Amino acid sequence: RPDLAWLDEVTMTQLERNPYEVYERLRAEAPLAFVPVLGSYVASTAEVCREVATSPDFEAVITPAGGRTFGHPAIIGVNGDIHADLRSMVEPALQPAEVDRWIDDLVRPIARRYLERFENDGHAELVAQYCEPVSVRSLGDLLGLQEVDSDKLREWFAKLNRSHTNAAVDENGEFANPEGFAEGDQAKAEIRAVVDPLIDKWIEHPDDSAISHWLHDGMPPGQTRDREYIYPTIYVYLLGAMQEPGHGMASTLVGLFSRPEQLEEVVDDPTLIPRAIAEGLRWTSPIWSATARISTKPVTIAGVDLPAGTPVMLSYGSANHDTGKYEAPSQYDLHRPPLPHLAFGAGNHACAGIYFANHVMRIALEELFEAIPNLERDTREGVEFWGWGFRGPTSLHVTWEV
């Protein structure tokens, strides 16, 4: 678009390091805009992202690098009867009444286990030592992957993250970095080696694991869903569902450390943890720009006439800094009004795991502050945030008096 000629000089590295400056310009100049290096239109404001995600004239589409990573039928990329079946498949263990029955007994012992490894050290790097392991161990146990170590689940989500977000396209519209998908293919090959024997077992001997229920629930007697039909949703889980509660926890902690008086309020009154996490997710949204919708008819949005069949990436992390909606959105503020945010998306493809994820993060933070109420951020170490499609802190060094 003519007035956006500067977008041709935006690089993938710039977006990964810090997308907020480019997107601040997009929100003012062009809430719906084609970004050449991403090969796609992007929605940057709250109004546009919410309209696209909820519109009857759009449906889900996987991003280009997302499709190369996950294939079909990834739950994020399908619609109609297949999407309705996949949602019916994943929803039982995520239903709020079901989560409330067992979430505490799942997450709290796991948080205690990881805490005991470091709570008397006086220093820790909380992303690797706590946030990521609690997130992956909780979900891994729910899924039936009790025997897959947390380091391995963390390695898989990192590789899948890099493949899914390997979005850069060249001057011809072709992927600029095709070898960046190789580590995704490698992760998937390893996942298959580990998970295929578990599926073999669950087909004949169902148990209470969620993946066993994905095979069996709603199927006629003696039948299971084909493994090829469920694997792309397994992969979707082994990326975002494993990665995001850890990132959300960690971003919430960074934000609280940036407002020391608010950190103190939350440590003294842990009933404020849920509000702290909601602000954390708005402040640095873990899924920042990983999903998309495609138009099914011509539409006009934010002045742009789009033809049918036009993908639009939903940059919810930008929408969550919309200054039309928020005052000083780049500042973390526990006491912001409880406005809707888009960190779980919207519409029929909104996050299916919200209630689970919010309890994972809550319980992990409750236990952290009970164990180390005098946590302080190691402030000469910097908190680097990284990522355009998924965003979170790369490390979180903390210190405390033992």
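When you see a residue number, it is the position in the sequence shown, counting from 1.
Between the two ranges 84-92 and 255-263, the one averaging a larger CA B factor in the entry: Per the PDB entry, the higher value belongs to 255-263.
Of 372-380 and 32-40, the one with larger mean CA B-factor: Here the higher of the two C-alpha B-factor means belongs to 372-380.
Maximum C-alpha temperature factor, selected from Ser285, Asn172, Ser212, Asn161: Among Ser285, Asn172, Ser212, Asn161, the highest C-alpha B-factor in the entry belongs to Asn172.
Residue, from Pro245, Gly140, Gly71, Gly324, that the PDB entry assigns the highest Cα B-factor: Result of the comparison over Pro245, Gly140, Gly71, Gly324: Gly324.
Position of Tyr237 among the chain's modelled residues by C-alpha B-factor, lowest, middle or highest third: Lowest third of the chain for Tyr237's C-alpha B-factor.
Where the record places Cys49 (Cα B-factor, split into thirds across the chain): Within its chain, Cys49 is a lowest-third residue by C-alpha B-factor, going by the deposited values.
Within-chain third of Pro340 by Cα B-factor, per the entry: For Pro340, the deposited C-alpha B-factor lands in the middle third.
CA B-factor ranking of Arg293, expressed as a third of its chain: Lowest third, going by the recorded CA B-factors of the chain.
Third of the chain's Cα B-factor distribution that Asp333 belongs to, per the entry: Highest third.
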